[PDB]
Structures are given as C-alpha cells and as structure tokens.
Amino acid sequence: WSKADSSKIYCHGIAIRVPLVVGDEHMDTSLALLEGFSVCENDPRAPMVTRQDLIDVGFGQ
Amino acid sequence: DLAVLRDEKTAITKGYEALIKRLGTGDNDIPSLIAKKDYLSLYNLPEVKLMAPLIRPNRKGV
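If you're matching them up, the sequences are chains FP1 and CP1 in order.
Just so you know, we're using PDB author numbering here: the first sequence kicks off at 676 and counts up by one.
Just so you know, we're using PDB author numbering here: the second sequence kicks off at 553 and counts up by one.
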C-alpha cells in the first residue's frame, strides 16, 4: 500500500478497496514500525543498531 | 590537565580506581572477605554505591 492511494490495498497486484475513507487514520505510522519505540527526526550522530540490542537501550537515546 | 576525555569516562575510570584501592590489606577489604567467603558484604561497599548512578537504570536489576 502507499499514500495518495490509501483507499487501495494490493495483494499480489490485486487492488482491493476499503469500505471506508481515511485521510489521517493512516498518516500516523510512528508506532507501526517497532514495538516499544517511535520514529523521530533524522539524526546521523545516532549509531546504527540491530533488532536484538534494542533490549539494552534506555530513554532519550 | 593532560587529558581529553569527558567527565563521564573520567568518572568511570576514577570509580574503578577507587574500587581497586580497596584491594589492600585489612578487614573491610575484598581479600579478607574472599578468604571468609563473605561475598555479600561486597555488595554493600561504598565504592559500588558511588558508581551505581552511572548504571543504565532500566536494566540495573538484571
């Protein structure tokens, strides 16, 4: 799926329709990427990591 | 004066230094306690109590 066509959901190329309409219910994906995290502004200083070491991270980090 | 590290790593190093200085002779030190197998009194030392604030707080128990 992609924005600008959020009323559609592809399945092997088969476009499906949504019985509803949304313009913001999807725009907020800050919590759909990881479990106990949230996206934030880009920062190159921050170090690259994996999905495992995540457990030993803190807050404001 | 002849150092470039920040207060954090310097604090860690000084904590380790202080914790080592307790490696001397006399009771209340780690050698006597090891000989007596008092592995518990080590947890209550003051030096670990001064280095504790540096520990990651969200996983310090584990």
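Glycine included, each C-beta is placed from N, C-alpha and C at the ideal position.
{"Item": "What does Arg608 (chain CP1) touch in chain FP1 if you count any residue whose Cβ is under 8 Å from its own?", "Value": "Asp731 and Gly733"}
{"Item": "Determine the closest residue to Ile572 (chain CP1) out of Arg558 (chain CP1), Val556 (chain CP1), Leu597 (chain CP1) and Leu554 (chain CP1), with distance taken between C-alpha atoms.", "Value": "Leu597 (chain CP1)"}
{"Item": "Determine the extent of the alpha helix (DSSP H) in which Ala563 (chain CP1) is found, giving its start and end residues.", "Value": "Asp559 to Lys573"}
{"Item": "In whole angstroms, what is the alpha-carbon distance linking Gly688 (chain FP1) and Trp676 (chain FP1)?", "Value": "10 Å"}
{"Item": "From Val693 (chain FP1) to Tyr685 (chain FP1), what distance separates their C-alpha atoms?", "Value": "11 Å"}
{"Item": "Span of the beta strand (DSSP E) holding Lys612 (chain CP1)?", "Value": "Segment: none, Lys612 (chain CP1) is in no beta strand (DSSP E) and carries neither H nor E."}
{"Item": "DSSP beta-bridge partners for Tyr685 (chain FP1)?", "Value": "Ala690 (chain FP1)"}
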